[PDB]
Amino acid sequence: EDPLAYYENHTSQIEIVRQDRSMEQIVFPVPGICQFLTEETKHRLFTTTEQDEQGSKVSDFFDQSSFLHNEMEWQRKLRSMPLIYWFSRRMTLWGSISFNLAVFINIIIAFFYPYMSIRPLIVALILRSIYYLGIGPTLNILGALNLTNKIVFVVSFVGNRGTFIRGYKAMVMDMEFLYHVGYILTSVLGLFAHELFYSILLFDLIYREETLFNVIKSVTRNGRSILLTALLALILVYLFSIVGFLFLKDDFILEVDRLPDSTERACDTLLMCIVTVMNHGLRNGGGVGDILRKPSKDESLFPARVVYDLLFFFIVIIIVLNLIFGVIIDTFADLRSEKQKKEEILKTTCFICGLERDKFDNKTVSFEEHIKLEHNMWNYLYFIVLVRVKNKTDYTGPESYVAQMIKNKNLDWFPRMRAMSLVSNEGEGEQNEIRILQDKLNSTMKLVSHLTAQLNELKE
Amino acid sequence: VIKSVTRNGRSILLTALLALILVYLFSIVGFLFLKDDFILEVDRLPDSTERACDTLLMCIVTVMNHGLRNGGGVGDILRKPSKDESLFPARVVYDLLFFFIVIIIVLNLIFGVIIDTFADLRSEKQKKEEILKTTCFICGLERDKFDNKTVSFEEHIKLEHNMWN
Amino acid sequence: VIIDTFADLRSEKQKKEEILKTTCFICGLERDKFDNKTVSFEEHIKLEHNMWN
Amino acid sequence: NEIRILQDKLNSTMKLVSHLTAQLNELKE
Ligand SMILES: Nc1ncnc2c1ncn2[C@@H]1O[C@H](COP(=O)(O)OP(=O)(O)OP(=O)(O)O)[C@@H](O)[C@H]1O
Ligand SMILES: Nc1ncnc2c1ncn2[C@@H]1O[C@H](COP(=O)(O)OP(=O)(O)OP(=O)(O)O)[C@@H](O)[C@H]1O
Ligand SMILES: Nc1ncnc2c1ncn2[C@@H]1O[C@H](COP(=O)(O)OP(=O)(O)OP(=O)(O)O)[C@@H](O)[C@H]1O
Ligand SMILES: [Zn+2]
Ligand SMILES: [Zn+2]
Ligand SMILES: [Zn+2]
């Protein structure tokens, strides 16, 4: 409607650094393709970027610029097809439907197996179907619905993500696609192979919830340390089993129950001793001594038995076992620290230049205004898209220089720790003051020269 | 102390649900294979044993109660197999897996989350106290700036930049 | 005590790694100083202030 | 205040230079 509003919408301003190292401002019309970028992809890129050793995220953004352009092209192509776009828009809804159906099937299986908001309405309908037809028919209907809904969800996922644009090898490489395929296979097995298979779909909950995923990460982040601690515990149990087999063989007596003798020697063979220890002592709070025969005070070896039990309890159980829990707690602390650091850097520094918010205070332009307008990353992405799109013959001075920089694989044109508004105004003021001082000095020198000329003329 | 738990209650509940899912899978495995060994002694008010795994739901309930309440795990209540039994190695493997996954790792996640919540609360309290007691409420200026100057930071807040003024 | 020892070891390792990878070995100058200058910090350590030299 | 003192000194120097130039012009005339 308003020409000025339309032109302002399509106009983007950026700050760049030339070879001379003097900052410059480029105002350009945003390419039409750039508008097609989805905001979900923008948020994912903003939150996913990882700073390099230099402390700048610009390299990853530049690398992902090409993928973003391809995503824009694929989004336009998808817009060309209303039905595929509509399916893509509802991918989350399909995923939720599939998860809810799997949960309902699992609940029914758990409640009645073996056999033979709208969510309350769905539950009532499921109960009515169970009563009218039975558990078998209702489970079959729910399984078929879940399989079809998950297939639709996967179709929408592949359509929306555009991962096929990367290539079929990329499709196979994407872990999420393989996980969805595995979910579909599990649903298929549940529908036909056996109902209990649907229980596996419960693991999908981990993918759905992020807090549970973080709790699991707390363990899997340092899984190698936990496994090594378990191996050390196994080695200690092996040594202790050797000691018991050599010396305490008799005391290894375990009560036994036989299906249609009440005790057995569970340490006849050193391997059997190791197995018995590794099972009972690890499962026993006191240790191996809990299951081993209780020695009387009269027994000569009773002090040795007490020493052995105390050593086992203090080493294998008290210390070694607690190492896994300590490692898990330390992993929790490390994850919390990393998350806090990442959030602070993201929300308190400029993405492009890395400048802190503290610098922009007490100045004409605030930090928020700086990021919103002066140093918007998407403006730089749009400039890159324009440079690629624009013909070389039509390249403007700064545009030609930036295209040459892109060809040279150099990111110097990206500003680093430099902002126009923060330093340029003060520098201009200082330069004006210095120029005034220089003009005064030049006037004084001219007056001195005139006086010298007058003196020379008088002498002559 | 209560906040330390309620602050991240969602994570604790999700960990409990994950433990329930693991117990459900393990109950499925036992019902399919280890159905016989699920024998529990019973006391009757005025048989001394019962099969607590006749139905998969009953197996799930029995595991979720006894194994979670048992330090060793489900294997503590399950019938003890003799070395002669063919399935004894399978029973030992099942018990070890249960103890190492459901009890050793998954259960400790709740305690780790509680400890991490304690640490987060302590850090937040320290940051808030430091900001309150070392910076100006109105202008946010630090106390370090006002030292070596005519007007001290305390005088600045008391008179120059009093919020109530 | 074991948990506190874990935390202390993690803190010491983080501090040592940060100092090693963000400061000059010879002069101790931080990487932040060399930015916005003709010679970068990495170039400084590689050529200007190489310990092996 | 320091900058104002410096500016006053510069203005006095400029006034002296202008007076010298005027005297030279008068002598030439
Ligand atoms: N260089 C940057 N540093 C930090 N945050 C940035 C930077 N560039 C953009 N952001 C933030 O990323 C998000 C993307 O901003 P964007 O300009 O896309 O906003 P928008 O409201 O979708 O756009 P518009 O209203 O101008 O059509 C916003 O939170 C913006 O503050
Ligand atoms: N801007 C500020 N920044 C930090 N602390 C402040 C600020 N303004 C007030 N305070 C503190 O808040 C409390 C309120 O101070 P206030 O002037 O009300 O003191 P008062 O002793 O009750 O008053 P009075 O003695 O002047 O009648 C004091 O601790 C004061 O130091
Ligand atoms: N003063 C220093 N501060 C920090 N790191 C340094 C310093 N001097 C050297 N390094 C690093 O220590 C390692 C040793 O560098 P060195 O010069 O030996 O490299 P090189 O590749 O083996 O040698 P060249 O390629 O020159 O034959 C490199 O990582 C270098 O960056
Ligand atoms: Zn910036
Ligand atoms: Zn103040
Ligand atoms: Zn150096």
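Protein chains in written order, with UniProt numbering: chain A, 2111 to 2226, 2260 to 2403, 2449 to 2648; chain B, 2358 to 2403, 2449 to 2567; chain C, 2515 to 2567; chain D, 2620 to 2648.
The beta-carbon is built from N, C-alpha and C at its ideal position, and this holds for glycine as well.
| query | result |
| --- | --- |
| Report the rounded CA-to-CA distance for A2591 (chain A) versus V2575 (chain A), giving the unit in angstroms. | 6 Å |
| Taking only runs of the alpha helix (DSSP H) that begin and end inside the segment 2523-2560 of chain A, which ones reach a length of at least 4 residues, in chain order? | 2545-2548 |
| Short check: CB of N2472 (chain A) to CB of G2474 (chain B), under 8 Å? | yes |
| Does ligand 6 have a heavy atom nearer than 7 Å to the CB of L2371 (chain B)? | no |
| Is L2561 (chain A) near ligand 6, judged by its Cβ being under 7 Å from some heavy atom? | no |
| Go ahead and label residue 2060 (chain A) buried or exposed: buried means 16 or more other beta carbons lie within 10 angstroms of its beta carbon, across all protein chains shown. | No answer is possible for residue 2060 (chain A): the residues shown for chain A start at 2111 and end at 2648. |
| Would you tell me roughly how many angstroms separate the C-alpha atoms of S2361 (chain A) and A2313 (chain A), rounded to the nearest one? | 29 Å |
| Can you tell me which of A:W2566, A:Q2129 and A:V2611 puts its alpha carbon nearest to the alpha carbon of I2143 (chain A)? | A:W2566 |
| Quick one: Cα of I2624 (chain D) to Cα of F2171 (chain A), how far? | 53 Å |
| In angstroms with no decimal places, state the Cα-to-Cα distance between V2476 (chain B) and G2387 (chain B). | 10 Å |
| Mind checking if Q2619 (chain A) is an interface residue toward chain D, Cβ cutoff 8 Å exclusive? | no |
| Can you give me the start and stop residues for the beta strand (DSSP E) that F2138 (chain A) sits inside? | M2133 to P2139 |
| What are the boundary residues of the alpha helix (DSSP H) that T2581 (chain A) is part of? | Unbroken run through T2581 (chain A): none, as it is neither H nor E. |
| Strictly under 8 Å for the Cβ-Cβ distance: is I2503 (chain B) near chain A by that measure? | no |
| In terms of residues, what are the limits of the alpha helix (DSSP H) holding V2315 (chain A)? | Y2311 to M2316 |
| Can you tell me the Cα-Cα spacing of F2502 (chain B) and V2508 (chain B), whole angstroms? | 9 Å |
| Quick one: what's got a C-beta closer than 6 Å to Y2350 (chain A)'s C-beta in the same chain, skipping five residues either side? | none |
| With DSSP run on the structure shown, which of helix, strand or coil describes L2402 (chain B)? | coil |
| Does the beta-carbon distance from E2526 (chain C) to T2536 (chain C) come in below 8 Å? | no |
| Is it a yes or a no for the segment 2604-2619 of chain A touching the segment 2537-2556 of chain C, going by three-plus beta-carbon pairs under 8 Å? | yes |
| How would you list, in chain order, the residues of chain C whose beta-carbon sits under 9 Å from the beta-carbon of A2287 (chain A)? | Neighbours of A2287 (chain A) on chain C: none; closest Cβ ~51 Å, over 9 Å. |
| If we define contact as Cβ-Cβ less than 8 Å, is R2364 (chain B) a contact residue for chain A? | no |
| Terminal residues of the continuous alpha helix (DSSP H) containing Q2174 (chain A)? | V2168 to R2189 |
| Determine, using beta carbons only, whether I2396 (chain A) and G2333 (chain A) come nearer to each other than 8 Å. | no |
| Hey, is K2167 (chain A) close to ligand 1, as in C-beta under 7 Å from one of its heavy atoms? | no |
| Below 8 Å on C-beta distance, what does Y2223 (chain A) contact in chain B? | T2457, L2458 and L2459 |
| For a contact meaning CB atoms closer than 8 Å, what does residue 2404 (chain B) contact in chain A? | Missing from the coordinates is residue 2404 (chain B); the shown part of chain B jumps over it, going from 2403 to 2449. |
| Examine ligand 3 and report whether any of its heavy atoms sits within less than 7 Å of the Cβ of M2565 (chain C). | yes |
| Touch check for the segment 2314-2327 of chain A and the segment 2178-2197 of chain A: three-plus C-beta pairs under 8 Å? | no |
| Buried or exposed: which applies to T2640 (chain A), given that a residue is buried once 16 or more other Cβ atoms fall within 10 Å of its Cβ? | exposed |
| Look up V2127 (chain A) in the DSSP assignment and give the residues it is bridged to. | A:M2133 |
| Only counting the same chain, and skipping five residues up and downstream in sequence, which positions put a Cβ closer than 7 Å to that of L2375 (chain B)? | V2508 |
| Which partner residues of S2488 (chain A) appear in the DSSP bridge assignment? | DSSP lists no partner for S2488 (chain A). |
| Less than 8 Å between CB atoms is the rule here; does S2484 (chain B) satisfy it with respect to chain A? | yes |
| Locate the alpha helix (DSSP H) running through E2616 (chain A), then write down its first and last residues. | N2613 to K2647 |
| So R2367 (chain B) is in the alpha helix (DSSP H); what residue range does that whole segment cover? | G2366 to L2389 |
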